[PDB]
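K.L.:
I have a structure here, written as structure tokens, and I will follow up with some questions on it.
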Amino acid sequence: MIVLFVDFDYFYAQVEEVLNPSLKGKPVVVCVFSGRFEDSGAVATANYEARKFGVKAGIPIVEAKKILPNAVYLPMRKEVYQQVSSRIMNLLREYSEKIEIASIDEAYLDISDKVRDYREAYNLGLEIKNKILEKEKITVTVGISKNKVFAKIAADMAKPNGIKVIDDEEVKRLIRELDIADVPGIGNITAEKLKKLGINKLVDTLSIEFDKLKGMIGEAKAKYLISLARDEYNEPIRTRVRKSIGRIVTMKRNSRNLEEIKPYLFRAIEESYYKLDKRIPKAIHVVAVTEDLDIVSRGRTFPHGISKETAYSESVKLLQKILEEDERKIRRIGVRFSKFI
DNA sequence: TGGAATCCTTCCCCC
DNA sequence: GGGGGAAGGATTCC
Ligand SMILES: Nc1ncnc2c1ncn2[C@H]1C[C@H](O)[C@@H](COP(=O)(O)OP(=O)(O)OP(=O)(O)O)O1
Ligand SMILES: [Ca+2]
Ligand SMILES: [Ca+2]
């Protein structure tokens, strides 16, 4: 068992660089304009030029202009990055058949049937970093170990433009040494529960009675951290498929009025239906982001697939259900479509 | 901001 | 008691 994990660096920004090389050397910030005010929006990502000054994914765009008033700010062109990504995936598909496409910018490859050890793996690493640098002009970080979680961690250490092997002895210290907050799947809310439980490192997971751990963070998560800690996590590489498709959009004002919201909602369905493209959903959800950034959703499953005129009419009922059941104003509104035939 | 997975808890119908 | 749903929310990650 030997897993290789690949992670395209500062991806959306690097793609705008590849597309206009003049941009190299300059701090680049790829933004998502919400279009309420001027520069209402958030940061989708920035190159390391910008990132070293605090500008990063999820700070408002106004906050990023106060730090770097002369950086280059580009609106997000997703469809573009979506295609460049595909082309690269295809490249890796020739390095192995066992390949999990994790996100727009990550993939793990099972390379047992291709390689004999951590030296031969390394070489395959550089063989690939190179081939992507060559064909597509994009730098990636490569992390390597016995499973996916440690391949990913390896990569976090080695970024950007890095390559790294975490071998079976280094995994051993890391269970003791690694801060559990730095484990994939443990976000701020689990990190805090785990601290008040006495777990700051991966290895303190064993010192607790399981059923207390289950009681704090869930079973699924508890079994995960446990197996990880017993050098015993070993989930395989899967070809995961889209389970849902949707679209959420921001209104120029916060509103409670049904006629004010509807056309935002209809545009969301429209784009959603395009994105489906010969896919037929059985489930529609209406998601609202209320004025204080809380998220409330109402939905419905059908026995048949959903056509557009049915998605139109049913979506308005579920939005009604939200206004009725929740007293707050509405900042964002959209749809998600799941349960494909 | 915008997208999408997965888990958990609760409710329900019913052997 | 338990299987099998669905629905709504919570959490994470990119
Ligand atoms: N919070 C976000 N909001 C919008 N888009 C995001 C967000 N996070 C990530 N993305 C998008 C843009 C990123 O380029 C892409 C990949 O994310 P990610 O791999 O974590 O970091 P990154 O590619 O920007 O740089 P890095 O090399 O540091 O990981 O997904
Ligand atoms: Ca990356
Ligand atoms: Ca974290």
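K.L.:
State which residue pairs qualify: first residue among the charged types (D, E, K, R) and inside the stretch A:139-167, second residue in a helix (DSSP H, G or I) in any location, beta carbons under 8 Å apart, and separation of 6 or more residues or different chains.
P.N.:
Pairs found: A:146/A:171; A:156/A:182; A:164/A:154; A:164/A:155; A:164/A:157; A:164/A:158; A:167/A:118.
K.L.:
Taking the stretch A:297-332 as the search range and keeping residues that are in contact with a strand residue (DSSP E or B) (Cβ under 8 Å, 6 or more places away or on another chain), free of Cβ contacts under 8 Å to residues at least 40 places away in the same chain and among the β-branched types (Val, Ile, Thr), which one is farthest from DNA strand C (Cβ to nearest atom)?
P.N.:
Ranking the candidates gives A:306 first.
K.L.:
Counting just the residues of the stretch A:265-296 that are touching a residue at least 24 places away in the same chain (Cβ under 8 Å) and of a type in the set (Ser, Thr, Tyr), which one comes out farthest from DNA strand C (Cβ to nearest atom)?
P.N.:
Ranking the qualifying residues of the stretch A:265-296, first place goes to A:273.
K.L.:
Related question: Of everything in the stretch A:116-144, what is in a loop (DSSP other than H, G, I, E, B) and over 23 Å from residue A:157 (Cα atoms)? Give them in sequence order.
P.N.:
Correct list: A:116 only.
K.L.:
Looking at A:35, A:58, which one is within 10 Å of ligand 1 (Cβ to nearest atom), at positive phi and not acidic (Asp, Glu)?
P.N.:
A:58
Rundown of residues vs (1) under 22 Å from residue A:40 (Cα atoms); (2) more than 22 Å from the chain's Cα centre (by Cα); (3) among the β-branched types (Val, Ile, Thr), yes/no style:
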| site | (1), (2), (3) |
| --- | --- |
| A:260 | yes, yes, no |
| A:285 | no, no, no |
| A:288 | yes, no, no |
| A:305 | no, yes, no |
| A:326 | no, yes, no |
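K.L.:
Restricting to the stretch A:169-185, and then to whatever is touching a residue at least 24 places away in the same chain (Cβ under 8 Å) and not in a helix (DSSP H, G or I), can you tell me which residue is farthest from ligand 2 (Cβ to nearest atom)?
P.N.:
A:178
K.L.:
Let me ask something else about it. Among the strands (runs of 3 or more DSSP E) lying completely within the stretch A:1-90, list those that include at least 1 residues that are under 16 Å from the mean Cα position of the chain (by Cα).
P.N.:
Strands (runs of 3 or more DSSP E) meeting the threshold: A:3-8, A:28-33, A:41-46.
K.L.:
Return yes when residue A:93 is away from DNA strand B (no atom under 12 Å from the Cβ), assigned by CATH to the domain that holds residue A:141 and in contact with a strand residue (DSSP E or B) (Cβ under 9 Å, 6 or more places away or on another chain) and no when it is not.
P.N.:
Yes, satisfied.
K.L.:
Could you count how many residues in the stretch A:169-214 are small (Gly, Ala, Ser) and within 27 Å of the chain's Cα centre (by Cα)?
P.N.:
Total meeting the criteria: 4.
K.L.:
Further, regarding this structure: Give me the residue from the stretch A:254-264 that is in contact (Cβ under 8 Å) with a residue 12 or more places away in the chain and not aromatic (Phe, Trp, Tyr) and, out of that set, surrounded by the fewest Cβ atoms within 10 Å (Cβ to Cβ).
P.N.:
A:258
K.L.:
Of the residues in the stretch A:186-233, how many are in contact (Cβ under 8 Å) with a residue 12 or more places away in the chain, within 28 Å of residue A:107 (Cβ to Cβ) and exposed (fewer than 13 other Cβ atoms within 10 Å of the Cβ)?
P.N.:
Number of matching residues: 1.
K.L.:
Anything in the stretch A:265-310 that is touching a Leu at 6+ places or on another chain (Cβ under 9 Å), closer than 17 Å to residue A:330 by Cβ and of a type in the set (A, V, I, L, M, F, W, C)? List them, or say none.
P.N.:
A:265, A:286, A:288
K.L.:
Of everything in the stretch A:231-251, what is of a type in the set (D, E, K, R), farther than 18 Å from residue A:285 by Cβ and in contact with a helix residue (DSSP H, G or I) (Cβ under 9 Å, 6 or more places away or on another chain)? Give them in sequence order.
P.N.:
A:231, A:232, A:235
Basis: the model, the stated rules and, where named, an outside source; these are not laboratory values. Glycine also receives a Cβ, built like all others from the backbone with ideal geometry; neighbour counts cover every protein chain displayed.
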